[PDB]
Structures are given as structure tokens and as C-alpha cells.
């Protein structure tokens, strides 16, 4: 009984999915996030102090709750992706995808041969529940969801080719990196950046793929939802906690 | 150069100290809290999944920041107090203190002979920074700050005599347990419990000691500060995050 | 939405519940067992190298699966029980219960005041999902399941009184401890030990309580099931693994 | 007194070595396996949730026993192999070895200069026992044992070149990856795959190198030993534990 | 094949055993000490930040080397002693032993019934190698070695009775606590303390038991060995590390 | 208030900085070293069993003390460097830097766009204290300090070019690898290596950059300081501990 990837399902549905960014890098701190009611949670392996085993611990904490886990590897390395797939991850958000050719390789990385180059060691890992899931090899590709991050000028230039790649379910726009690449580091609200984001969202959707984004700014997140983004992250756990703590302290000092 | 206990100092001054409760039990999750500007942080060893090594991890993380660490052991056991002193804790919040005789024993547990029964083993622990602190054995008692929790109806009856035990610097009022003990479980706003809490605060102050309380309710905390409490916790890190997370999701679902 | 204790429910039903003993003391090794199909899993804090934090990880790994977790503390200590309850455990197997008065104290240990002495800290703990559960304090007592171990001569003498204690849902017989107590250390199959166990099961059942036992021996486990035991543990994860591995090696050497 | 690699020695002797695959990724779960009686134990860093620190813990747990540890890195990366060498691993099973040139790079990666490119930092590492081993730098190469995995079509085509490389002590055949590569994913029993495997074993032996394989099927493993395989793994710890537990449950449900 | 307690063996031979105190509380830091050449290593569970899981890791790290491990629990608690025995510790140094009645209880705690009160759960524990050791229950007592610390005035007065207790293999003198108890806190060199220590050593030996002590001062440690101490600890790893590091800095500052 | 890199400051002053190498890979073992009085501490991610999370723990332990932390990654990989920058490291010692082109790339790895290629994810990271540091993005580059290791013949040939690179504050000479590269493995004292080192220190200094080196030999370290090295490491923590222990043991055996 192969686990169904509900996040991949809803990407093709009409309704958008609201997400939370998890950077606390702890299974206990993560179980709290699983209780908040988000449709999906992003375990960040690129900018938070996460390793394979702590990602494994967070996957265990999240499993009972409705929110769907998405893992962002530090880079789109084949060996790292292979390890993330074996611990049970079915949706990956790969950063720094600059070209269609790079994206085509990422699709092969998540597929068993003939379709791909994913190594076969499923029996030993959580992904097949240690060979409990019958016919895992024949159907695992069906439940993988690949999301690519476009965050620099070259990726923006190749956006139409990257979104076109077969197997790329979604294209994620990282306003933080894109803004800095465009010369407005730390100012994603700038109209030049906003226009690029709005144009990027349109190009992704006409290719038939889901557009995704992260905004701690809620009104800005509402704008991205209005423009048709399929998956949107509306907060960061470390930032929400850090702001809440300092404001609570500020009220009494 | 024996570390000076600033929390113990500020207690004797006229300024109250604003605090935060730490139940995330992770040195990393704990360092955000240390960055929020509080006067003291409560490492909770009674109701959070902490242990001797996680409490040590959190003490290492907080040390560079202004906030003062206070540790609440699961119970006023002597072996446990010993191990917390060795890792460097200088302020303790001992729970379930019901009688002056009991508080007398706890004073002896934080003091070296002849004034107490604390074991001589400091030289190999962090408290002496591995025997770097000169004359630690002759001065350590002066930097220990013992805080007792009155949380039931025996301790409330015996509060005047508990506060008068020499070496009890502060008496802390746990409204949750106190409410339950009074038959208002989950109902600390009940005026029977508020009447007990205020009377308790006045009696501690008249004994010349420091009155402490925790209240996640900011109007109620403000009142406890207006009544003269020397140390008031104004939040719990788990609750602020759990709250912030579930309100954010609701603004989109 | 308070978690319902399904183990407690089925104890009152006609069907016996099949269990496995977990001594591997790791969240990853424990998730394999959660996949095995047992009705309940015993997380052993007495004879396995478990602490509060490792028990917490195993509870998180087990949660998605059907099997119900039972935690066995190293002893029936009040403060330890409070910690196990706060991390989310609802069924406890307390070892070395020798007298009705001790069993009566254990019932208070799992109940909130006024009725009991369980410390109140639900907002900070996993048991309430950090206060996500509405009115957790007013209904937590209903879902606690307390099981006591009778494993020596005195407990056997007071067996009728121990099972009579209100709040003692089940009485577990420990053949290894009982065998040694009776002068047949390492020989629980001895008829004097076996005669006591059959007598013990009958006395527990006429008191209206559930009788439990652990037998790695499968024919012996069937006999205990035949005698009406409500919960029987049929294996130990360490014994099964150690035995499979050396038998596999012996076949090739 | 430099540690002698008995796995490497026995390979040069007539005797075959019986092995077990370790995917539980814990020092405690690993020490049980060290008690089972195997000639060698495969600490899997490719498909099991292992990092550098967990492999080190497993090496320390393993050391008292006769079984020899073999580590499989996630990939044959020079920096990772250097880290594995410094924690004390002397035998490596490197996956995805496709060409003789790549096999040469791995041989040099385990050799100190001039012979190789292994970085010098032994005084700081367990490999030299923190410089307790006299003239470790002059004799370490002698006890390194390099094993390469041939697991795809390109590696099979270059098998004669790979086995010919000096310093490649053994060639390991991965039936799972090779079977998928040949158009028989999940069907290694197919005669095409079995013929390819037996031909590969013969060529490895005619090249003078040890041929190795993994077979959970016990009859198939005996055939591989009968064909002259020097190192054969006859089980996987996660598979054996998972199988025993669910079958034990089935006997009672 | 039951593990033999070699520390107890050398204790019964004529030669003294040289020991080192381990307070770094990490398996990696402990393996360095095992490589140093000491007869015994003291894993300090009383004044160092050690728990059950970290003591287990240190036991695993030390096992290959000649030095024998001795564990000192934080207190002579029965539940704690049982857990320490199950993880495989065979020699315990119990602090704060004041009377023969207490020492007799400690002997029973390390003995299986009928003789003692040690709980039976060895099949699940490392002590029996998870039931690999045949008839462990019938011979485990033979390999237990119990050492008691005499460190206060009441213990000194009852020294003859304590040493007389059957099952008390050795009596350990704690100079720091005894000196503080005698009114010379921080002044163990005072002749009154030294006269009491040398008299105590004589009384222990005249009872036929091994006399033990810790002396970082090397000339004083030689005196204790010449006076007949069977086991003497000549250093503390944290003190040796801290002293070497600060002196090296001073040579360049 | 962005943390100022005081290590980078003192490099531009006349005064040399005395350092210690940390390979114990534990936050607790690291805090002892933090107490020793060194100007800088090297957390070695190349030759000690350190990962990102253990390096973060040591930074938390190190922060309260004066010594400035320097991290050496296992290799100069861009994605790895991004992870070290986000956990708060401001000084990096990058191994195996052979050419100006490679050094220029490392300068980009540590600078935010436009100047560099460092990924922007600071809100989630300790480097900005989870966005407590105001306008961290505009000043982060200002406090980064890049130190390059020249440790082989190719690096030595391009040394003047490598030191000339803008943004390379210092060039570190690794005698152990350079010794082996020159055919004198294990013999850094050989005059050919020493002639190469002394020539290198001069060429590095004429470029205006800081010259750095590690020598456990104290008289050799004095010569390196006399020759004008700005940062010199005078010891290794594992070596000092291993030496103290075995020498203490030898005195009694």
C-alpha cells in the first residue's frame, strides 16, 4: 500500500495550498508546526541547520498530521536527492535550477530506470517501509513531485524551457534571491522585482505548471494567491517566533 | 573570577524582571528566545522534555546574552539539584514546596558544608569552569539564588513561614496547580483564585522576599506587576509559537 | 479534540490485544516495529536504555500507525510519571507494585488535583498538543490507563487487594521477576511458578480487571490467551533480532 | 601498532567471508549485529540514514567483536572518503563505479602522497588513534582495502578494465541496480540477469580480484559462494527484523 | 560466554590498579582516554553531565581497550543501579555510603533474587548481550563488583562495619568531601584529614577489602599506593585537559 | 547590530593571534578550550568528525568567551560554505586552494549578489539572529574573513597570485600536506619544507596579507611568529589531551 502524495494531487486541483516554512530543524519544534493546520510544510535543508537524520526525525513527527511535507535540499545533487527519497520524501524543492537541461536531470534523479537514474536500495529504507510496500519499484515514480526554484537571472531567462520540462510539476520563485540578483537586495517589494514575479507567475501557468512562492508579508502573499499561484508559503517559523518574542518583551520594557 | 548572579542582584533592587518560559527543550530553539530581550529565561525541567544534557546545551546557548537563566527541576531532589549546580545553574525554581522545613532542606542542598550538604565535586564541572574559578569553594553559596514554588493549598497556608526561611530569596506562585488544588481546574480567572493569588503576593512582599508568578495573560501579568511582583514571566515559548502558527493558517484557510 | 485511548477501550471489549516489547530504544528502530501490525507496543524504560527524550522520539515515530503505545517507567515514581504523561503517554505499566496502598498512590499520580497529585503544565506539553486540545484539563483523567506489575511474593500476597483498587485497569504478571522471587530464577516454566500465574490470572479476572503477561515462548503465550488474558506481549524486539541474526550466521558457518 | 585489516587479509587467503548488511543506523542496534557471528558487517551510508557521526558510533560499538566493518559511502567523493578514513574505516565499498579511471581515482583517494591524494591530518583522527599508532603515515596504505560496486550497464561494459586496476581488491555486483539497468527492474531472478552476474563473477576471478555480492535469498547466496565469491552478504538487518516481527504478529492475529 | 569482570580479578590479585577519572561525558572524548594505558576508567555519573545513554556510549567506546570501566551513579538508588547493571556495567562506585545497613542494601541491589532485589529483565539488556550469554542469570552475581564511597563523618565512624559487609568488595575514600565534613573544606592536605585517611586505609585492608582513593597530586598518589591501596585514580581528564590548554596559551601570551 | 569580526580586525593590526585547533567535535569538550585564553579557536570540519550541527553547537559554546572561532570546511564547496555562513561563521579556513581562479570563486561564495553568489536566506539563519540584525544583507560581506590553505606544489607556485586576490585576507600554510607533497611525508622539519614555508611567509606578507600556520612544536611555532605570521596555531586539543593522559599513565606503570 504505497503512500499517496496528496500535495501532488492538490497541485492539479483548483484550490491553492497554504504552506509554512520550517527552519527550527528539530523534531519536537516541528511537531508544533504540524498542529497549526497548514496544507504543506517545507523542511529547509538549504538555509536551516538540517541534516539527513534531523530531516528524518521531522518526517516522523509530521506524519500523523494533515500537512504535507516538502524538503528543500541544499542543492540538486543526485546523491543527496537519493538519500532524501530513501527516508520517505515524495516532494522536493530543488534550489538554483538555472536551465532546462539541469531540470531534466533532476527528473531522472527521482525516477527508477528505465525512466531515470535513481538508485535501487528501497528495501533498506523508510520509503518502502523496509519492503513492506508491495510493488514499490513499479509505482514509486508515480508519487514523486519535483519542484524547481528559479532565483536568478539565468533561470528567469530560461523560465519557459524549465517550466516546459516533462516531470517538473511546479516552479518556485524565491523573491529573496531574485531581488538580490536584480540589484534590489533586501527589497522584494520594489516594482521592478514585483513585475518580474508577476510575469514569471504568468509564464509558469501558461506552461500548465504550478507556481509557488514564499512571502512572510501576508498582503504580498495574498497578491500571489490572487494571481494564481498553486502553492504559497505564508510564513517562516523562526521569524514568527523571533518577532513574537521580541514584541512580547518590548511590551514590558 | 566567580560568575556574578545578576538575577539575584536585580531582585534586591526595586526593578522587576520580565521573564519568558522555555519549553522547546532545544539549545537552538532556545537561542532565539535568548535573542528576544528578556530579563530571565525559565528552562523548564518539570513539564518540558528536558534532561541534564539538554539543560546544559541550553545554558551554553544563552550565556552570551543579557537574559539570566533559571532552571526548574522536576522535583526538589538533592541528587538532581546537585547535578544542576554542577552544570552551572545558579538560580533554581524548586516546585511543590509545601512547608518551611522543606524549604530549609533545599537551602542546605545548595550550600557547601558547614552551612549545607552540597557535595564537593565542583572542580571537574562547569560551575567552577573546571577549577578555573579561584576560591569557588569559599564563595559559591553567595551566588546561589533559591526560588520556591507554592502551587497547592498547603503551601499557601504555610506561605508566611516558607517566605521567612533564611536563604529563600523568592517565592513563586503557580496559578495552574493552585487553581486545580482549589477546584477551579482550568479556571484561574475565577475570583476565588485571583483573591488567593493577590493575598499570596502581598504576604510574600511583607516577608521582605521576592514574589514571582507566570501569566500568559498580559492584562493579568500587568496586575501582578502593579501589585509588586519582583519577577514575572509574561509568556511561554511553546504557546506563543503554537498560537502564532494557528492564527496565521486561519487567515488563509 | 482529545486523543482517545483505544487501548483502554479494547481492554473492556471481548478481544485480547497482542503486543510487542520495544527495547531497541531508538525512534528509527521503533518505526519498523510500528509497521509490524501489533495491537500495542511496549516502550520499556526499566530494562532498556531509554530516557524521557528517547521515549518521546519513539512516541512520535509510532503515532501514525495503529498499534497503541504503552510506556513502562523504571519505577512508579510520581515525578517521573508526570513527565511521561506530559510527553503524551496515556497507558503506563508500573513495575514492582507490591501493595494496594502503593497502587492507590499510582492512581493519584495519573490524576489531576483535586482528586490526584499530577502536576498541571498542560499548555507547555505534547499531551495537550500545546493547548490545541479544548478543555484538556477537564477530560485528561478519563483517558489515562494505569497497569500495575505484580512480580514478587508480597505483590502476590496482596494481589486481590491490588486488583480491587479503583483506577487499576489492569494487572500485569512478570514471570521473570516472579520466577526469581519464588526460587526458580531463570525457570519460569517451573510448575510452582506456572501454578501461581494461572491462579493470578483467575483472581485478576474475577475482580473485573484485565490480566496481562509477557511470554517470548509462543505456546506459553497461547495458553495465557486461553486463560483469558486481556493483553499479552508475544515478543521482544531485541530477542527476535539477536536470534534471527545469529541463526542466519550459523547457517553459513 | 597499526590496526591490521583482517577482512583484506582473508580476501587474499582461500576463505570466503560471510557478511550482514547494517541499515538500522544506530550504535546500539549495530552492537546486537556484532554479536551475531558474521565475518563482516556493511555499514550502509548510501541507502540508510547514516551520517559521519553515526558511522563513527557504529564503528566504536563494533570494535570489540570479530566482525570486520565495511563502510559504503553515499558516493565515491574524495572529501567524504577522506572523512571516513580519518574516523578509522579501513575497508570501503564505493557505489556507482563505472570506469577504470574512476576506480583509479578511488585508489589514490585512499593513499597518502606520493602514492595518493589522501589529506594528511592523522594526528587529529581516530585512524591513528590520535597519534598513538607509531609510524601510521608510513604504513596506513598497506591496510586500506578498496571495494568497488559494478551496478549498471556502463560499469558492466568496463568490468575488465575496472578489475584490472591495481589497488581494487574486490568487485561487488549489485543485483538490484544491475537488474534494473538491464530492463528487468525488480526481477533479478531473470536468466539474463543471472547469466550476467555469473559471467561477471568469473571475469573478476580471472582478473585475480575478489568477487562480492549481496543475496537475501539463502539458496542463491550458497550458489554465489559455490561460484567462488570471496565476500557475500546473506541478509539485511532491517529486512530480517521487519520480517520476523510481522510474521510473529500474523501468528497471533 | 559470560563477560568476566577483570577489574574485580585484578582487585583480588596483589597488584594495584591505576585509574583515570572521566568527566568529559562523550564517547569520542572517552575513547582517547581508553588509548592512554590506564588500568581503570571512572565514568563519573555523579558530578559530570552524564546520563544513562551517554554512559552506554562510553562503555561501547571503551570496550576494545584494556582499561576497565567503573561507573559512579549520582546516588545509590536502586532503580538507577538496575539500569546501570543492564547496560553492562559490572563495577559500580556508589557515593555517600554512611552505614552497614545501607551497604548491605547496595549488595542486594546488585544481586538477583533470592539473594537480592535486582530486577530481572536481562534478555532485553546489553549485560546478557540480549540473551546471547547462556545461563547469565545463574552467574551474573559472581561478576558484580561493588565499591562504596566513605566521605563524611557518619561513614567514617561506621567504616569498620561497612567494610565488613559481605559483598562490599572495596571501600573508596573521597578526600574532598571528607575534608569538608571534618571542618577543612578545600584543605585536604591538612594533617587531621591525612591522618584520618591513612587510618581509614589501614582499617579497610585489615578487613580484607580493597582501599581506594583519588589523588590528582602525583606524590600523594604514590604514598597511597605504597600504603596499600588496591585501586588509585591519579588524574581527572577535564583537569588535565584544562590545565594543559591554559598553560600552552600562557607560554605564548 | 551586525556582529563585528574581531579576528578580521586584529589581522589588520600589528599584533599576532595565537590559536588552538579543536578536533574533539563536542560542545562540552569545546567549552573547556574556550576557557583556556586563546585568541582564536579552529573548529575543524575537515579532519575531525564534525558536521554542520556539531559545528553550530560548538559556536554556541564558544560565543561567551574572548577567543574568536574559525571554521575549516572539509572542502571549498559553495553549498557547504553557504551552510556555514548561515549558522553564523564569519571566518573560514578553506583547504586545498591551488589557484587565483579558485580563490576568486571562494570570495564570491561568501559575498551577497551583486558582488557574490551566496544564497540569500538570512531571515531563517543565526547569522542575522533570525532577522534581529538590522539591514544584515547590506553589511554581511563587511565582516566576512576568508583564509585560504595553500598546501601543495600547485598552490605554492600560484601563491603570489592567490595572495593577490582581493578578498583573501590570509593565506594559511599546512605543513603536513605540504610536507607530503614535497616528498617528506611526516617530516615537516625537513629543510626543503622549512625553506619552502619561510619563503611562503615572506611572499604572503609582501602582498599585504596575513600569513598563518599550525605547529604543535612550540619552538617551531616561535620561529613562525618571529618570521611575521599574523595567526599561528600552537596546539591541537586532541594531541594535548592524548599526550597528557599517556604520559600520566606511564609515570605509574
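Chain C is numbered as in Swiss-Prot, which gives 2-254 for the residues shown.
Here the Cβ of each residue, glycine as well, is placed from N, Cα and C on the backbone.
According to Swiss-Prot, the protein carries these features:
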- C:48: active site, proton acceptor (ACT_SITE)
- C:152, C:178: divalent metal cation binding site (BINDING)
- C:73: site 'Transition state stabilizer' (SITE)
- C:87: site 'Increases basicity of active site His' (SITE)
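Among the recorded positions C:87, C:152, C:178, none has a Cα sitting within 10 Å of the Cα of the residue listed as 'active site, proton acceptor'. A 10 Å cutoff on Cβ-Cβ distances gives residue C:87 (site 'Increases basicity of active site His') a total of 25 other Cβ atoms nearby, all chains included.
It is 14 Å from the Cα atom of residue C:73 (site 'Transition state stabilizer') to that of residue C:152 (divalent metal cation binding site). Checking the recorded positions C:48, C:73, C:87 against chain B with a Cβ-Cβ cut-off of under 8 Å leaves C:87. Around the Cβ of residue C:178 (divalent metal cation binding site), 25 further Cβ atoms fall within 10 Å across all displayed protein chains. Distance between Cα atoms for residue C:87 (site 'Increases basicity of active site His') and residue C:152 (divalent metal cation binding site): 27 Å, as a whole number. In three-state terms derived from DSSP, residue C:87 (site 'Increases basicity of active site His') belongs to a helical segment. In the three-state DSSP reading, residue C:178 (divalent metal cation binding site) counts as helix. Closeness to chain E is evaluated for the recorded positions C:48, C:73, C:87 by Cβ distance, with values under 8 Å counted; counted residues in sequence order are C:48.
Residues within less than 8 Å, Cβ to Cβ, of residue C:152 (divalent metal cation binding site) and separated from it by at least 6 positions along the same chain comprise C:96, C:97, C:174, C:175, C:177, C:178, C:179, C:182. Its own atom aside, the Cβ of residue C:73 (site 'Transition state stabilizer') has 26 Cβ atoms within 10 angstroms in the protein chains shown. A simple way to gauge crowding: the CB of residue C:48 (active site, proton acceptor) has 27 other CB atoms within 10 angstroms, across all the protein chains here.
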